[PDB]
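Here you get one chain, nothing else, as structure tokens; it is the form deposited in one PDB entry.
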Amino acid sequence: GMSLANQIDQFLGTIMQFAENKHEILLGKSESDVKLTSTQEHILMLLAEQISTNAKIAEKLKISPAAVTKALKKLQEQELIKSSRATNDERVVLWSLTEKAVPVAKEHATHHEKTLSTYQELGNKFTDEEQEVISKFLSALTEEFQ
């Protein structure tokens, strides 16, 4: 049962489980003590980079604006982000981090890198020629999900 097709399926199935019911894949658990949802972390990492609106965050994360609304209303209660109002001739509602939020931001940021580093640890382990064969595979499959 070592078939290639079955080898793929079993590895899609394997990742579904590992992810549990979250929507992102990282290695190890969060440095902060079981603080927020991954999606709530990731949003804070985005806000550190650049402050934004509901619809922007929705697109970055490929989730609905209702989902973003709820995430933000939570992040707010944890006094982790502030709104801006539409007060001035601005009319835009902009959400930025709070002092309390930058530590966790860096926590999540780095946590994404470690995971990448590991992939990178897994990466160079093949020969350069072997690598570009992978890259052509990934690309073929990813297209099957489009």
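A residue's number is simply how far along the shown sequence it sits, counting from 1. For clarity, a rigid core is taken as the largest C-alpha set superposing within 1.5 Å between two forms.
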Greater mean Cα temperature factor according to the PDB record, 24 to 32 or 54 to 62: 24 to 32
Given 45 to 53 and 104 to 112, the range whose Cα B-factors average higher in the PDB entry: 104 to 112
Peak C-alpha temperature factor (PDB record), options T118, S96, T39, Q78: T118
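Separately, the form deposited in another entry exists; it is not shown, and the next lines address it.
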Residue among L94, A58, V102, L27 with C-alpha shift of 2 Å or more between this form and the one not shown, core superposed: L27
Sense of the change in Cα distance from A58 to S32 in the other form - at least 3 Å versus the shown form: farther
Direction of C-alpha distance change in the other form, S52 to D89 (at least 3 Å): closer
